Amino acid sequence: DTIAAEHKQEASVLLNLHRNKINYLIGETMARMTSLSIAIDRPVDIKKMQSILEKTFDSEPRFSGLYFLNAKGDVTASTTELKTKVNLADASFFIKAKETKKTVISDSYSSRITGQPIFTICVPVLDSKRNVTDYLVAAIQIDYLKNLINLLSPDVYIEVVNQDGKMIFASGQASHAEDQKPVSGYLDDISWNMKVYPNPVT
């Protein structure tokens, strides 16, 4: 009954290793975007913004894309080469960012631009008068996070789920989890619950 105890500890240690890596990713990304939003000289040269987004996005496989929105929510700069004009004024994160005038981290969803699952960090750009003028938007690929976890822990079963039971992603074979209770824990900045299943004793 006590190889079990060790397997439960190993799980708890994976839980922490893994939340940290993701909490870092998100925290660092917010930090970068916040820097950009402060350092932009007004009025914004859209071409200049574009080159900065490209420099930033280069070599960070984490990013699905990075985008700049006008006050109306039209994508005005984009690391993804667009085939139509895109407007995001209807996305919850947009609406929430506009309202709160605070940074926002969205739930997962399927990218309007790339069609794959992602979640985004949105940072409104403010005025002297504290009006939102523009929005910086970084989108992170969910699958990137899956693989991050899957390469370090292929033989554990780990699922991440949001507050409403939506499956964000799952790593490993669910078989490795049978007769197991999972060790769980929420992330810092999104309300995703990670669940790490102890391995069974042999």
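Start at 1 with the first residue shown and count on from there.
- Legend: mean Cα B-factor per stretch from the PDB entry, 191 to 199 versus 4 to 12; the higher mean is in 4 to 12.
- Mean C-alpha B-factor is higher over 61 to 69 than over the other stretch, the pair under comparison being 61 to 69 and 29 to 37.
- Going by the entry's values, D134 shows the largest Cα B-factor out of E159, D134, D143, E54.
- The entry lists C-alpha B-factors for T100, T80, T76, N87, and the highest of these is at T100.
- Sort the modelled residues of the chain by CA B factor and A177 lands in the middle third.
- Among the modelled residues of its chain, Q163 has a C-alpha B-factor that falls in the middle third, as given in the PDB entry.
- In the PDB entry, a CA B factor belonging to the lowest third of its chain's modelled residues is recorded for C122.
- The deposited CA B-factor of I149 belongs to the middle third of values across its chain.
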